[PDB]
Amino acid sequence: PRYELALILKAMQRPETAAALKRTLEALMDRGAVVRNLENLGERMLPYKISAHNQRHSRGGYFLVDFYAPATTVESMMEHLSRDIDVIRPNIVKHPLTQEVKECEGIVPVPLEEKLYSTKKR
Amino acid sequence: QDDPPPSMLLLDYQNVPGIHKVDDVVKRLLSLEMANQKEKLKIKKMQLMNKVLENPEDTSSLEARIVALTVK
Amino acid sequence: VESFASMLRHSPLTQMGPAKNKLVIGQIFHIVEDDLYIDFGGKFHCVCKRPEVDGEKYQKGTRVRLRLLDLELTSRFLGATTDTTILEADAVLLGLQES
Amino acid sequence: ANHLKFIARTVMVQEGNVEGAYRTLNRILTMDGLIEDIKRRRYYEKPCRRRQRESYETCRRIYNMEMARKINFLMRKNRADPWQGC
Amino acid sequence: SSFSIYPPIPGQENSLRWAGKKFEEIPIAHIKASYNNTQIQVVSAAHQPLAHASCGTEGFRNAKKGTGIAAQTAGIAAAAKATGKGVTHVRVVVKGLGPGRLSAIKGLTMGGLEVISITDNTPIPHXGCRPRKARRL
Amino acid sequence: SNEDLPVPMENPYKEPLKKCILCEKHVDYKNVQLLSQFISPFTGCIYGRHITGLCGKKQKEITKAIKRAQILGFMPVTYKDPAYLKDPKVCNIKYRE
Amino acid sequence: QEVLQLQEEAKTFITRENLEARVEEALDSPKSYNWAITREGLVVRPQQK
RNA sequence: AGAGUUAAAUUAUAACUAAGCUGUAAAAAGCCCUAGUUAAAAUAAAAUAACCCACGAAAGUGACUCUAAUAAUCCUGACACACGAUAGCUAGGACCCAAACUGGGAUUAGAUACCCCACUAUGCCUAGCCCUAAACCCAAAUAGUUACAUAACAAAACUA
Ligand SMILES: [K+]
Ligand SMILES: [Mg+2]
Ligand SMILES: [Mg+2]
Ligand SMILES: [Mg+2]
Ligand SMILES: [Mg+2]
Ligand SMILES: [Mg+2]
Ligand SMILES: [Mg+2]
Ligand SMILES: [Mg+2]
Ligand SMILES: [Mg+2]
Ligand SMILES: [Mg+2]
Ligand SMILES: [Mg+2]
Ligand SMILES: [Mg+2]
Ligand SMILES: [Mg+2]
Ligand SMILES: [Mg+2]
Ligand SMILES: [Mg+2]
Ligand SMILES: [Mg+2]
Ligand SMILES: [Mg+2]
Ligand SMILES: [Mg+2]
Ligand SMILES: [Mg+2]
Ligand SMILES: [Mg+2]
Ligand SMILES: [Mg+2]
Ligand SMILES: [Mg+2]
Ligand SMILES: [Mg+2]
Ligand SMILES: [Mg+2]
Ligand SMILES: [Mg+2]
């Protein structure tokens, strides 16, 4: 995967939630993106009230979409999701699996530094 | 000025055998469509030296470095 | 005549290895009301307190068991050209020597 | 403003005393440094003063935490001297 | 006797009822302790004000109203007016840092009012309006 | 001819360096529980190195991972999420005395 | 090796043909990334609840 | 350098209660179109992490995301080319809040100052100019040595 879409949806019933995902994925495919899979994080109470499209939301559903897309089409996807009203907060980040966990050896102890002053009689 | 074709495999995934037998899905995922500007520079540099330089395998030569700077 | 290098190889100190967590027996050579000055064969003398059990039999010349942690306590502080030694050693009491 | 109320920076009294509960709250803020932060936000300090304050706070924290280690390191050398009048 | 400092979360169901009502049903006592004045207001669970009192309204005037004693008297007066309307327990919310924080807390205690929870809601900007300049006294 | 002289070899008693709590582990902005354990439950502040105990690599990553979740809408900002209040304690700070 | 795994990963990619099926499957299989860490460095999975 | 985004605080604004509210070592002036609580745009600024010391040539930069991206196969070099905090100027837009100037209060022999209240330029965005700092780590760049050797003080001394 290359890009990850942290998608938060307004809490609603099963039919409209499926419809919202169906058209959101359709918008991604129109911009030239090959979506890998869709991950569902369930519905949870939002950490804080989020104001979007003249509404106050306290509960929402979380969904995650990962895809390969050209670099120039990220703005179009972000702009398209902003106009949509069934999505409360869209964010796009590079997929964390793109970077590899750098190998580590240990906590190297830093010795105290000497020779910071002259040796004259204080 | 140069214009790398869009539907071309990036520098790394070219010499490996058995590419043309793969479906269009993977070829799309390796083409310049799903590659950033950094991969584009590699294709520009690779093509540019093969057209003007005499010995491409030599990197320490002055002519090779001048080509590299021109790309940047 | 035995060369000095051969003496270090077979010396008990070299065979000990690191001084941390080593069971070493020692002998008491000076007694205060609550402090027992114990010599364990190292360069300096470690100091330990008299245990509450069988405290009456800790006398001069008595052999006890120790767990060495640092052979010589020594640390470096900022502004000090040379480390400030404590002229002692760190050890704990595991009991009296089982004759 | 948007978060739930009566969750953050809240303590509950026990057995009907309130002076003890209040002191617990102050230790929470002092450890997290909010009490000093509110003191410094009553007026505005220029960024020139902010860095000069962080160069005195850090230096004190180094000297104090180093002198503290020496005291603990030399603490065992306070028993009665066994060689008095030697 | 396992006692937890953290408040009973509304989402869960904690069997800790004071005077027959739940935790969120108990009224609120807002305390704004500034550096020159202390204002005490008690409001219902529906945020409907019951009684209001401050160092100014209790006869203290000018510099005197900023002292601890003035805040202590305000706590006594506010509790008496609150107890008249029939409230036993209250969740006190402290606003700001000032000399009247301690006195107002125990002022409600000695005024015939019982507190169960203390909250500090001091306005803490996260970077916000630029405050006034320094005072070269 | 003397074989008793020491040889120039590295120290064989070099104890392996201490590993931080999150060493060789992948932090993330999606697991709130991992990020929530390093936040003061009463105020919401982020603990420093002297309290968290993490190394210099996993301290910055935790800080960046936490702040990403603050804005993207995955965890509260001014308090610790009460659902994860009973997780095992890893920090070294004590409030109750 | 890298292109070989993409060859296998291409089978499970979401296409317009199976857009409904994947969405319906996703809505019925919740999953979480939450896992805690102990002092000794061992991973604790809340899925045991 | 662009594009998108907002957590905590504050204000316009509405409801309710209260008669007072701000302010100081102490007061007056100001406000009463006010204060407390609940609900809440825009503008501006970026708690804890930071007891970390990273990036850039310097001045500088530490809220989040994406795009573009950090010269030289790795010496010195100007009056030449490019850049340069903050204040200031020209044109348009924004204005929570801070605030030179100015007005009021107080202090004082006087106070066109320190202290208190109000408000403007301006601090902000877009385009252009100005090219000044204790622009100071008062320590020039590149290779090195710990030899020789303490004016003083400071951040030890020196060679090409
Ligand atoms: K901030
Ligand atoms: Mg807000
Ligand atoms: Mg710009
Ligand atoms: Mg008056
Ligand atoms: Mg008002
Ligand atoms: Mg406006
Ligand atoms: Mg710095
Ligand atoms: Mg340079
Ligand atoms: Mg460079
Ligand atoms: Mg040059
Ligand atoms: Mg300039
Ligand atoms: Mg300027
Ligand atoms: Mg200007
Ligand atoms: Mg002019
Ligand atoms: Mg103008
Ligand atoms: Mg203005
Ligand atoms: Mg103003
Ligand atoms: Mg005047
Ligand atoms: Mg400077
Ligand atoms: Mg100079
Ligand atoms: Mg210079
Ligand atoms: Mg020069
Ligand atoms: Mg250079
Ligand atoms: Mg040099
Ligand atoms: Mg002298």
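Anything mentioned here points back to the structure above.
**Q** Can you tell me about the sheet that holds strand β4 (residues 63-70) of chain C, naming the residues and giving the values?
**A** All names here are of chain C. Strand order in this open sheet of five strands is β3-β2-β1-β4-β7, and the pairing throughout is antiparallel. Here the strands that pair on one side only, and so sit at the sheet edges, are β3 (46-49) and β7 (90-96). Within the sheet, the average angular offset between the axes of one strand and its neighbour, ignoring direction, is 45°. In terms of strand pairing, β4 meets β7 through six bridges, oriented antiparallel. Of the residues in β7, the one forming a bridge with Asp70 is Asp90.

**Q** So what's going on with the interface of chain F and chain D? Residues and values would help.
**A** In this complex, chain F contributes 14 residues to the contact, which on the side of chain D involves 14 residues. Broken down residue by residue, the surface that chain F buries against chain D is led by F:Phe42, F:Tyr79 and F:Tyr95, which jointly contribute 46%. At the boundary of chain F and chain D, one finds zero salt bridges. Between chain F and chain D we count five residue pairs in polar contact in total. Looking at the side of chain F that touches chain D, its residues break down into eight nonpolar, three polar and three charged.

**Q** I'd like a rundown of the interface of chain D and chain E, residues and numbers included.
**A** Counting residues at the interface gives 22 residues for chain D, matched by 36 residues for chain E. The set of elements that each furnish at least two residues to the side of chain D that touches chain E consists of β1 (10-12), α1 (19-32) and α2 (34-40) of chain D. With five residues, the single largest contributor to the side of chain D that touches chain E is α1(D). When the residues that make up the side of chain D that touches chain E are grouped by side-chain class, the tally is 14 nonpolar, two polar and six charged. Summarising the sheet, β1(D) and strand β5 (residues 114-120) of chain E pair through three bridges and their orientation is antiparallel. Pairing of D:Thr10 across the sheet is with E:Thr119, part of β5(E).

**Q** Which residues make up the packing of helix α1 (residues 14-30) of chain A against helix α2 (residues 19-26) of chain G, and what values go with them?
**A** Contact pair α1(A) / α2(G): the axes reach a minimum separation of 10 Å and the direction vectors enclose 130°. Relative to α2(G), α1(A) is oriented oblique. Relative to α2(G), the crossing made by α1(A) is right-handed. Between α1(A) and α2(G), the residues in contact are A:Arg14, A:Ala18, A:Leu21, A:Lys22, A:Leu25, A:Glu26 and A:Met29 and G:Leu19, G:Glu20, G:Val23 and G:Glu24, respectively. Looking at side-chain class alone, the contact of α1(A) with α2(G) contains six nonpolar, no polar and five charged residues.

**Q** Describe the side chain of A:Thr73, with residues and values.
**A** Residue and element names in this part refer to chain A. In this fold, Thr73 is placed in the loop between β3 (56-68) and α2 (74-83). Take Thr73: its relative accessible area is 14%, and that puts it in the buried class. A distance of 2.8 Å separates a polar atom in the side chain of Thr73 from the backbone oxygen of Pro70.

**Q** I'd like a description of the protein's contact with RNA strand H, backed by residues and values.
**A** The local shell around RNA strand H holds 76 residues, among which A:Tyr3, A:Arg89, A:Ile92, E:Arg132 and F:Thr63 are the closest. Among all atoms of RNA strand H positioned within 4 Å of the protein, those belonging to sugar or phosphate total 78%. At a separation of 3.0 Å, a sugar or linking oxygen of RNA strand H approaches a polar side-chain atom of B:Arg65. One of the backbone N or O atoms of E:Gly128 is found 2.7 Å from a base nitrogen in RNA strand H. No other element matches helix α3 (residues 56-72) of chain F, which puts eight residues into the surface near RNA strand H.

**Q** Tell me about a nonpolar patch on the surface, and please be specific about residues and values.
**A** A contiguous nonpolar surface patch, about 410 Å² in accessible area, is contributed by D:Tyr63, D:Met67, D:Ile71 and D:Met75. By secondary structure assignment, the location of D:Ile71 is in helix α3 (residues 47-73).

**Q** Mind laying out the pairing of strand β1 (residues 3-10) of chain A, listing which residues take part and the relevant values?
**A** All names here are of chain A. With seven of eight residues buried, β1 is to be regarded as a mostly interior element. Here β1 pairs with strand β4 (residues 87-94) via seven bridges, running antiparallel. Residue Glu4 lies in a different strand from β4, and its bridge partner there is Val93. The sheet contact formed by β1 and β3 spans eight bridges and is antiparallel. The residue bridging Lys10 from the neighbouring strand is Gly60, located in β3.

Cut-off values and rules
Residues numbered from 1 in each chain as written, not as in the entry; some residues may be left out. Chains lettered and ligands numbered in written order. Part of a larger assembly, values for the part shown. Heavy atoms only, no water. Residues with missing side-chain atoms left out of burial classes, pairs and counts. Pairing = 2+ DSSP bridges. Helix = DSSP H or I, 4+ residues; strand = E, 2+ residues; numbered from the N terminus. Axes fitted to C-alpha atoms, helices over the stretch in contact; angles between N-to-C directions. Contact = heavy atoms within 4.5 Å. Buried area = accessible area lost by both parts, 1.4 Å probe. Salt bridge = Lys/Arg side-chain N within 4 Å of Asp/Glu carboxyl O. Polar contact = N/O pair within 3.5 Å; in protein donor to acceptor, adjacent residues only side chain to side chain. Nonpolar A, V, L, I, M, F, W, Y, C, P; charged D, E, K, R; others polar. Parallel < 35°, antiparallel > 145°, perpendicular 65-115°, else oblique. Left-handed = near helix turned anticlockwise from the far one by under 90°. Buried < 20%, exposed > 50% of the residue type's maximum accessible area, 1.4 Å probe, protein only. Near = heavy atom within 4 Å. Patch = residues over 30% accessible without salt bridge, like charges linked within 9 Å, V, L, I, M, F, W, Y side chains within 5 Å. Areas by Shrake-Rupley, 256 points an atom, 1.4 Å probe, with all protein chains shown as cover.

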